[PDB]
Each structure stands twice: as structure tokens, then as C-alpha cells.
Amino acid sequence: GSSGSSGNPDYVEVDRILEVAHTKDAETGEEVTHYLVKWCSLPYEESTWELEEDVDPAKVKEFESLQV
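For the sequence shown, position 24 matches number 387 in the entry's author numbering, and the numbering has no gaps at all.
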């Protein structure tokens, strides 16, 4: 973490989860599940997929509830 410099190092303002993708690393063989973080605050064009880790677990539950 940053010692203390004006302006946050990142915006954790997630709106919702668009879609989830399951990828498999081609180095060791570990399952890598990616979660498309939907943060309106940021421009769509900048749509990224933060690893399940970075993506809070709670938010994951909500998304699931929607899809049976």
C-alpha cells in the first residue's frame, strides 16, 4: 500500500458484475477465474476483468443470486 499520497491509487467503486470467465493458466495448471468488474464510474472502453481475488466475494454472491 501507498504511504500516503493525495488521490487514491485506484477506484474501488464497483457497480456490478457484467460477466464471469474461467481461464486456465498454461504454465502450472491452476484454475484462474476472472470476474468482469462493472464500475460505471470508469469509461466502458476501459472494461477490465479483475481476478476473483481482487473482486470482493460479497459482490460475487449478488451476481450469482441473479443467475440461477
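For each residue, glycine too, the CB sits at the ideal point set by N, CA and C.
Measuring only the C-alpha atoms, how far is residue i from residue j?
i	j	result
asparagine 371	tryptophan 402	16 angstroms
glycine 392	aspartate 417	20 angstroms
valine 383	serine 365	30 angstroms
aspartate 378	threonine 396	19 angstroms
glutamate 394	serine 368	36 angstroms
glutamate 425	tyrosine 398	13 angstroms
So what's residue i in DSSP terms, helix, strand or just coil?
i	result
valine 431	coil
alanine 421	helix
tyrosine 407	helix
So, for residue i: in the same chain, excluding its five sequence neighbours on each side, which residues have a beta-carbon less than 6 angstroms away from its beta-carbon?
i	result
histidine 385	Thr396
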